[PDB]
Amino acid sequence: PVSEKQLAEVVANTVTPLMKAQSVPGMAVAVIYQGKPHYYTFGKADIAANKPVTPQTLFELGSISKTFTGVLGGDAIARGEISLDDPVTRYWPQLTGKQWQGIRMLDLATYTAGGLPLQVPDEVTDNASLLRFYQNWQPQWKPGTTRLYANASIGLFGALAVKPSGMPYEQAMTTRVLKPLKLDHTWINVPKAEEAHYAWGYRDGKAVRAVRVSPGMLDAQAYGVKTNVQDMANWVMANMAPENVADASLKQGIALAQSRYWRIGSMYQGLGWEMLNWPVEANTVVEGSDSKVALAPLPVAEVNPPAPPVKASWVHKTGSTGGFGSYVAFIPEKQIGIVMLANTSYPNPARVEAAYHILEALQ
């Protein structure tokens, strides 16, 4: 029964040393505790302009954008528009290469298609060349046997998952996920009227921001999600407690995103989200966040059928861009969670260590 006064100290005593040690210009933190969000802001959103971080400052989520993709995909499944058991070719009949037989939407969504690479090559500058890329790809492993984190994998899942709806990814996300949850300050493309809240990212001392990719069915997702700490806190709350979400299919989509589809060592792969059974030790989580392991191709143990959301889980996702570093984690059983948005990409292990320390105090 930690008081708000104590929580404020715990956060300050953890984030302050962190920002100084990692040279973080600014950070927006939100802790979900006792049914509501608690906000703490530190530093600058724009160093040269001397603008401070506020609850309205927009940060780049990077790969945490994948959690929105997973939920949007879950929603489409709950609507009957797609099934994770359908072959990828059902949604893209032009993908005729036989190496695709046996590869399911589930494999694309969870990085198990057989070695799709981390990124889609820069040579891919339109849809005709994207098809060429997937047609030419030769898997290094059979489907459902190896997990290799890849934007070329989940990115395609996202583009194909919204096809039945008839809407482009950005529009489908806004209409079916953001608007319903009242995340009205979360964007792919920041409107010029909101640009004043857009923080600058920093890399080796230079102010930087994300750039757009070549027009295609993956361009919106590639551009990624931008949002403030309030919307992000509410995103965590909706995923933490889908029972409070009214829309029937979105509620189910949220559940599908936290379901366990594969076990890799001590972690479980969901749709976007990743999970570990709770209780879990800090070194298990921190050590798993190292790029050496996070990007390696590892063997998977199938969870068939998928295990529905386990309340006693540590649910999280890290994400970065050239100038931003973010992390989100929550434990449904305890109804506690945390969001940490920063405008500099610092080591993922430091993010995990800090988040764990703060939540450990609330447990």
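Numbers for residues come from their place in the sequence shown, where the first is 1.
Between 130 to 138 and 196 to 204, the higher mean Cα B-factor belongs to 196 to 204. If you average the C-alpha B-factors over 84 to 92 and over 109 to 117, the higher value belongs to 84 to 92. Between the residues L276, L160, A222, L271, the entry's highest C-alpha temperature factor is the one at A222. Residue-level inspection of the entry shows that, of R263, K251, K292, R104, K292 has the top Cα B-factor.
Ranked within its chain, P297 lands in the middle third, by CA B factor from the PDB record. Among all modelled residues in its chain, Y40 ranks in the middle third by Cα B-factor. In the PDB entry, a CA B factor belonging to the highest third of its chain's modelled residues is recorded for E170. Per the PDB record, residue ranking by Cα B-factor puts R147 in the lowest third of the chain. Ranked against the other modelled residues of its chain, the C-alpha B-factor of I32 as given in the entry falls in the middle third.
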